[PDB]
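As structure tokens, one chain now follows by itself in the form deposited in one PDB entry.
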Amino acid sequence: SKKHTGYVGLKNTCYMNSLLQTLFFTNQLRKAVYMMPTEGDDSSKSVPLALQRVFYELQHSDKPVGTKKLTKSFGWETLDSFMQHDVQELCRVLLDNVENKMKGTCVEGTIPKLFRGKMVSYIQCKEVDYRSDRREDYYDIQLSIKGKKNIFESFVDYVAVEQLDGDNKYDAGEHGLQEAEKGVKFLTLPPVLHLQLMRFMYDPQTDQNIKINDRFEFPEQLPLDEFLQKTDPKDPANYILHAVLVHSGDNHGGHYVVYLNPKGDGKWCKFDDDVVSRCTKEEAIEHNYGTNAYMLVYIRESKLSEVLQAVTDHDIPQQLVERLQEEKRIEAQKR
């Protein structure tokens, strides 16, 4: 309900309602979503326009906001379509559509501005002079949590140098089968940091994946300078916790909640589909360790004013407002 919390819920679609709120309260994205030139797009088919509708209605409605038009636009209507994919794949499906629509426009490069970081995957031979680098972009990170107490330990394990010895030695081609060091190194961390946590793993004796219900800790403030190669004293890599996406119950079904800190000000709310309610820091952060938190969103402190900048009704263009109201006037009177 809007009167208690300030915010409205979504109506049921497993992990989408959790992600849509998370992307909506990324205010700099929301503004750019409104500036997409969707006037010459079809209503039923356009994913850009459907996300504009949800964002419009989440900003403006007092009642809960529908997602049926958005599901129909990218074809994930049934339950089995949601089950096959993960949250990062859904996030990639939404944000790629938004990025491609924003190309050749005033708000181009907004997705990579907010979400795209850079890393180097490297292989160094120990006893011969051969190094092999690849610069990769990333929009999300998938962190390991099995045998890891916290995020710091998971980032250590992410960047940990694997040795290649004995059986598994590096094929250097001309130099031959060589002993070597494999690792990954973060070059930059983006303003909005989507961190998924590896709650599933492969168990050999059952021929099937199984859930990890272990206690995993994550802080409100997250320093990550030690995980970057070349730090910046003018811009430290200190990250404020923004959202926590949570699962409960069994796998084939269950319940899907997101906790959120929409202004970056420690004032937490639980978004349980249609019922949005206030909650403590401890219900959002501490109590969702081990029920399992599966994705976390961190915003960079230096970029927090820009990322969570104030949206107004003036930031939605007139043609889009006129379009979405003309739908709602026709959609009401139909009986």
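Numbering starts at 1 and follows the sequence shown. By rigid core we mean the largest C-alpha set that fits within 1.5 Å across both forms.
Not on display, but discussed next: the form deposited with a small molecule bound.
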Note to self: For the interface check, one of 261 to 269, 122 to 130, 219 to 227, 91 to 99 should have non-hydrogen atoms within 4.5 Å of the small molecule in the deposited bound form; which one?
What the structure shows: 91 to 99
Check: Taking heavy atoms only, is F115 within 4.5 angstroms of the small molecule in the deposited bound form?
Finding: yes
Check: Given that the partner is absent here, does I111 sit within 4.5 Å of the small molecule in the deposited bound form, heavy atoms only?
Finding: yes
Note to self: Please tell me whether any heavy atom belonging to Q196 falls inside 4.5 Å of a heavy atom of the small molecule, as the geometry stands in the deposited bound form.
What the structure shows: yes
Next item on the list: Find out whether any non-hydrogen atom of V33 is located within 4.5 angstroms of the small molecule in the deposited bound form, and reply yes or no.
Entry: no
Checklist line | Contact residue in the deposited bound form, from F155, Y139, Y170, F186 (heavy atom within 4.5 Å of the small molecule) | finding: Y139
Note to self: Once the rigid core is superposed, exactly one of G147, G166, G75, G104 has its CA displaced by 2 Å or more between this form and the one not shown; which residue is that?
What the structure shows: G166
Notebook entry, point to check: Fitting the rigid core first, would the Cα of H252 be found 2 Å or more away between this form and the one not shown?
Noted result: yes
Checklist line | Inter-Cα distance between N251 and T67 in the deposited bound form, nearer or further [3 Å or more] | finding: farther
